[PDB]
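Contents: one structure, followed by commentary.
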Amino acid sequence: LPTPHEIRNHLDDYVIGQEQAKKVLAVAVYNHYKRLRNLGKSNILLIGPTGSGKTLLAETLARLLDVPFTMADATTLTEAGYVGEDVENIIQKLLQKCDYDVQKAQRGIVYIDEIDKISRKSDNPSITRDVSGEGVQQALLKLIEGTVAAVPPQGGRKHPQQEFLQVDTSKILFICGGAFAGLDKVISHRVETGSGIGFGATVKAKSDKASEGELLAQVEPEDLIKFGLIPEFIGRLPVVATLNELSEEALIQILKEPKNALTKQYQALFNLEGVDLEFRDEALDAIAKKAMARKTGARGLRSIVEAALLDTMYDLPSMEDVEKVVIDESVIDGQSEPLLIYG
Amino acid sequence: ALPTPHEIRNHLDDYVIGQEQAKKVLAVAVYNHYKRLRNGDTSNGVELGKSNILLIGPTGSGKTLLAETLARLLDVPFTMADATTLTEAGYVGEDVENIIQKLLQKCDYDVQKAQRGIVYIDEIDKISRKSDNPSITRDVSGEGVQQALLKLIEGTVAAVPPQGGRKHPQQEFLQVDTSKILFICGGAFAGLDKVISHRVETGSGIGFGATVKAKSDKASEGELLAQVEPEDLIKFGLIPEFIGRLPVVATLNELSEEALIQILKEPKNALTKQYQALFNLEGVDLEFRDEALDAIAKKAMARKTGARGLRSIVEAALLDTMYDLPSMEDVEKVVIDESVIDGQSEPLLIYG
Amino acid sequence: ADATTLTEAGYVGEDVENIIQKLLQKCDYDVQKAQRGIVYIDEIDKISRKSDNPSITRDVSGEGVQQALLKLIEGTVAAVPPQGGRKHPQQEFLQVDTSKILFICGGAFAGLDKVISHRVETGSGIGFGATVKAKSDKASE
Amino acid sequence: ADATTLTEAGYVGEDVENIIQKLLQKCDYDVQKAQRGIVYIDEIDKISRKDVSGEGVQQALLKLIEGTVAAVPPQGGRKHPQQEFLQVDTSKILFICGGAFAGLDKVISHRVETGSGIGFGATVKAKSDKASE
Amino acid sequence: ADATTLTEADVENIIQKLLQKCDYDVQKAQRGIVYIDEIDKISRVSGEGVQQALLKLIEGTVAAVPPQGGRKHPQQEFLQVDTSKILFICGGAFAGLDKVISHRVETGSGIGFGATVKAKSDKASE
Amino acid sequence: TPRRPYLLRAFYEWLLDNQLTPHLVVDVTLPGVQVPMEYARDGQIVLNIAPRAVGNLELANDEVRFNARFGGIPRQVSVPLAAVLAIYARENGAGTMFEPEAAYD
Amino acid sequence: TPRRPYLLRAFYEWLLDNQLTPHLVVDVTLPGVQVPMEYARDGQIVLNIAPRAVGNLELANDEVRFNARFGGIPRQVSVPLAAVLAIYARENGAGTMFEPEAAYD
Amino acid sequence: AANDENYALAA
Ligand SMILES: Nc1ncnc2c1ncn2[C@@H]1O[C@H](COP(=O)(O)OP(=O)(O)OP(O)(O)=S)[C@@H](O)[C@H]1O
Ligand SMILES: Nc1ncnc2c1ncn2[C@@H]1O[C@H](COP(=O)(O)OP(=O)(O)OP(O)(O)=S)[C@@H](O)[C@H]1O
């Protein structure tokens, strides 16, 4: 019913910078809602670097959504019969959100995070067997295509009266996340002809070569096959969504634009103590450069702030007669200390 | 009211020396954690995230000592763990959820108390990946442990049995959130200095323009460890997502001769006091000299093992003395001189 | 105990905590007695790492055992199993502190004398200025 | 069975014990019937002396040919520590080793036949009379 | 029946499923045809070992199936059906089938003016 | 309705609270049982009812089905209440039996 | 532990599954019994534990607690398990008599 | 006990 405009607009507050990813997410939800009222389905795959907002998008989508939604992790998943959790447990978590309504669960959406962790790997002669690789991908693949899977009968009480609810996952929508590491190198072989010693041969410097974000945009299913994923697994997902590394401008906006901005978090921490905090635009620019250099996504921003306010926050509560705090670009450079306003 | 960081720093300074940077980070984090616990919502319309701490320091630098001492001064639940024991789910090794069970036991199985607590994970460097690229073979105690901890640090519900797994079929597993649980990691990271040296120092080839450090002007591990970035840890071998969960990183400098000398008598549980009590309960008195402590520090520093080296020197010096001391009689006090440490003289004895 | 058979947690080899289980049998499964017990280890030289071997390949027999014994030696709570045959995560295990337990390690380090002689003597050299040392002058093992 | 697939202990995982397991599966895990079974080996070549397994794989077969007890899973399942392995005596199991040898004929020719090999007047295998081989 | 699902090594499960479609009819069950999929996935836990178990079904072996009871009653309810008449087929699309065949089919490489050479990518249709 | 399942619940939970390991007795001779004949002896098989021994334990009046490993291989076992004879803790002498049910005949 | 609380819950649910009226027999002579003495006769009393006539029913191991209406005034009932003599259905008397136990004296 | 004392296993 709701058009993708309000979906992307409302979602724009929490997440900023990603354009293509938002459109795909809103389109899928819009198509899902229309289909829910009355064919088929299309699963989404999110392939982005660390700190790109993959997990953030799922959390925000839950608030905007009005149907059952749940977030699961693939690390805990293990082959049937082992101490670890099973794929069927994911459906159980979904039921808990919808008051264990089988009808509501069938129309619900399920998002799995950290999917790149599971992948076919070596025999590992020292260990008995690998239960977190191909073993958990075949069962999961069966769930993606749509099949009835036995689940506990809502766990309402000790005896659910022989319900044995089995939910068909055909109608349910599956979205896969994960931050694949080293995939850019695999794509490099296919998209880079190589280098030669001769003059005619093209050699690319560390700066001239394209970044991981560019290579990720050109990703194909063939690359994922040899990466450690089953070919049928990726084939089931017909939509591929890719993110890109953030920029200085994007990082600057994230510091103060969202309602849960990092700057606002520290400001509230200082406000509750009876002290005011101020920020300068020039300071944010320097922070973006340092954070980008760390190559850790938006999380790198926090590392800079804490390092700058370490000594300040250590002595701030001990001292008194402090009204406001002002931070300049020099403070970020480590050549001065924040200015204090007394009285 | 909530104690200030200066008060907390004073308590830790009593047992730790030469770790001002580490004590500042721990004090500030604990101070912020107390404020978050004081206010349930913690903000009018915002959500304050937790900054997980990392403690990179050489051996015998007081990394574990800080966690143990902090537990005494803390009030909220505290717990220590060993990363080597941890393994990914579905294996014989201990599971990650067991860590929360230990913390859960400390608070009398109170989910609310466990929801807000501090966790210490030692030997984090041991589970480090061998190479930056993904391991071709499954790493049960390496990459697997890191991948499992990613969701825990970020914040997610966990299932824990209240008393015993067999007490009930499902046990209605207690759901505890970890989005507000602070985590402190500690590791030695042996060989990391080489990585920063390769990146910071260049032009080491055979040439006129290329410069040689001469192994005399080379930056020490303590000062070199200060210069560190996430890219350095990647080369050493670690998941980049894991580093993103730890925004604040602290470095511990290597102990010096002056720092070691203070450790001999200044702390509460000092090596000298330990042996003094051992001799006191037997009915003998012991004395030390400033010159003896200075010589011990020099020899200890040469061992390159941290504060632990001190125990090695003193033990070897009192080996013969402690062996024949109980056999003798009428002895009341013992005096240790600098010459005794050198081995050219025996400790003086006092007869009552 | 024998360090050769020891293996880090999460592998078919017996875990380091199994050593505590053996001690418990001697003291009739008494936690207090085990805390004040003594432990001897042999073949400690065998678990020594291989400097030539690159770090790319994980070592569980030699390196994994050393890394696991750090907390146990220094003193840490160990979830010793009741019998030691297997350690399931769901299974319940006894908690025994090792803050006061004493450990004794032994082993005939083969080739250690060669390393010490190279560092202590440093008499190699064919040049006129370099000193010449006779084989008889070399110190005993 | 294929000898090339077999590997020494400590390697990827293929072991000589698996050979007996296949035999038991044919007779429905019947130890008595297995003793009377006729075992066969194929492609014995390609494994020999030049670390790599090589000849080590063959060494494991030594005890099997002469006769020895072999541990096998109870119901042809992956080796688990929480289970017991049945013992099958191979002292009565006949072994038939077959393989195609490439180059052995050349070695035999130098030993028994008198020829100058690569020579102007030396005989060459151009007549196409493969029957001689 | 998927090969990976049965790679661990049951055959009786597939036989009873086939019988259920024909209402546990021995004659109709024999006429039924069985197809195996994903065989390439298991090609190089049993692996080749489970193939020997499946070979028994090819030669023909009797299988006992309950008549919709869903429990084991070997004394009276179990129905015996032979698998000799049943036809078994399978589809394989394993990776690099053309390259493996080209190793034994092409068998041509030379360096000379008159030597036979082919395009770097390919000269013959897949 | 038969009294075998409701009685089984009381005795099962009763033994659990006592810290004893509860065990169940099944009569393989009666129809509907699903257990290996090799292990069953004297027309009866003792199936551990403890939660750890089995997987996905669910007790219903019509039938009870559990997942357990027989000989180290995973298998599915479902037994009707009529086949059940008695429930007792094998660790100690304490034990109880189910009275005969008329509807089962 | 005593079997009475486990057998009580089992038999209690059974009568509800057959559209019956569960009725309990309580001994008012045991210490700690909190029941209407005016409604007791010959040292015993009959209490209806059906959901239609009882609210907030709790079948615990230590004692039975629930709220009910006696006449025109609501009253709270608390009966230890040792005082529960038997349970029978008002429609047909179906049920069983609880046997003695060592713990109950 | 025909069934194993522990159904879940660890590799
Ligand atoms: N576009 C964005 N706008 C605002 N904050 C963002 C954005 N992307 C990331 N963040 C911040 O990054 C943190 C969330 O990390 P994520 O980006 O969700 O991690 P990820 O990209 O999913 O990679 P993983 O989960 O480690 S595999 C929060 O502190 C967010 O505020
Ligand atoms: N400043 C200090 N004051 C007193 N004792 C100290 C100090 N620094 C280290 N120690 C001693 O060193 C030991 C603890 O060392 P830690 O640095 O806390 O841990 P650790 O040795 O680094 O562990 P690793 O990383 O596995 S080697 C104890 O015996 C302490 O008494």
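Sparsely packed loop sites in segment B:71-178 (the GluC sites (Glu not before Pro) outside DSSP H, G, I, E and B with at most 12 other Cβ atoms within 10 Å) comprise B:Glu172. Can you give the FRET efficiency to the nearest 0.05 for B:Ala219 and B:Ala190, using r as the Cβ-Cβ distance and R₀ = 25 Å? The pair B:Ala219/B:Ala190 has a calculated efficiency of 0.90. Based on Cα contacts under 8 Å between residues 6+ apart, chain G shows a relative contact order of 31 percent. Karplus-derived 3J(HN,Hα) values for segment B:232-237, using 6.51 cos²θ - 1.76 cosθ + 1.60 with θ = phi - 60°, are 5, 5, 4, 4, 4, x Hz; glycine and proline are entered as x.
For chain A, the Kirkwood radius over C-alpha pairs fed into Stokes-Einstein at 25 °C and 0.890 mPa s yields D = 105 µm² per second.
Coordinate range of the alpha-carbon atoms in segment A:223-307 per principal axis, descending: 59, 25, 20 Å. Rg/Rh for chain F stands at 0.93; both radii use Cα atoms, and Rh follows the Kirkwood definition. For segment B:43-99, evaluate the Debye formula with one uniform point scatterer on each Cα (no solvent term) and list log10 I(q)/I(0) at q = 0.15, 0.19 Å⁻¹, rounded to two decimals. Listed by q, the Debye log ratios stand at -0.73, -0.97. Look at the alpha carbon pairs under 8 Å that are at least 6 residues apart: their mean separation over the length of segment C:1-42 gives a relative contact order of 38 percent. Note on A:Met71, F:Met97: ascending count of other Cβ atoms within 10 Å places them as F:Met97, A:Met71, the fewest first. Sparsely packed loop sites in segment B:127-218 (the chymotrypsin sites (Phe, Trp or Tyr not before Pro) outside DSSP H, G, I, E and B with at most 16 other Cβ atoms within 10 Å) comprise B:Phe173, B:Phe208.
Approximating the spin labels as points 7 Å out from Cα along Cα→Cβ, the A:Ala205-to-E:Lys120 distance works out to 2.8 nm. Applying 1/(1 + (r/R0)^6) with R0 = 51 Å to the Cβ-Cβ distance of B:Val331 and C:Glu141 gives a FRET efficiency near 0.85. Remark on chain C: Rg and Dmax equal 20.9, 71 Å (Cα only).
Assuming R0 = 22 Å, what is the FRET efficiency of A:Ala80 and B:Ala159, from their Cβ-Cβ distance, to the nearest 0.05?
0.75
Take the Cα of C:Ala110, go 7 Å toward its beta carbon, and the backbone nitrogen atoms of segment C:42-83 under 11 Å from that spot belong to C:46. Which shape class, rounded, prolate or oblate, goes with the protein assembly as shown when its Cα gyration tensor gives a ≥ b ≥ c as root eigenvalues, a/c under 1.5 marks rounded, and past that a/b bigger than b/c marks prolate? Rounded is the answer for the protein assembly as shown, as its axis ratio a/c remains below 1.5.
Shown for C:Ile104, C:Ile19, B:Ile234, A:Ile225: other C-beta atoms within 10 Å of each C-beta, ranked fewest to most, produce the order C:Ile104, A:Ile225, B:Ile234, C:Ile19. Oblate is the label for segment B:55-200, because the ratio a/c of its alpha-carbon gyration tensor axes (a ≥ b ≥ c) is 1.5 or higher and a/b is not greater than b/c.
Put in order of Cβ neighbour count within 10 Å, fewest first, the listed residues C:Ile20, C:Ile73 become C:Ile73, C:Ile20. With a simple spin-label model that places each label point 7 Å from the Cα along the Cα-to-Cβ direction, the separation between B:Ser131 and C:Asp28 comes to 5.7 nm.
With a cut-off of 8 Å between alpha carbons and a minimum separation of six or more residues, what is the relative contact order of segment B:251-352 in percent?
Relative contact order of segment B:251-352: 27 percent.
Sorted shortest first, the distances from the G:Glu91 label point to those of the same residue in the other copies are 4.2 nm; each point sits 7 Å from Cα along Cα-to-Cβ. Taking GluC sites (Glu not before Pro) across segment A:170-263, the ones in a DSSP loop with at most 15 further Cβ atoms lying within 10 angstrom of their Cβ are A:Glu192. Need the C-alpha centroid separation for segment C:1-80 versus segment A:245-268, integer Å. Cα centres, segment C:1-80 to segment A:245-268: 49 Å.
In this structure the amide hydrogen of B:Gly90, modeled in the peptide plane, comes within under 5 Å of the amide hydrogens of A:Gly84, none closer than 5 places in sequence on its chain. Spin-label model, G:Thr29 to A:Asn271: label points 7 Å out along the Cα-to-beta-carbon direction sit 7.3 nm apart.
Each value in this text was obtained by applying a stated rule to the coordinates, not by laboratory testing. A quick note on method: Cβ atoms are made from the backbone with ideal geometry, for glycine too, and the neighbour counts reach across all protein chains shown.
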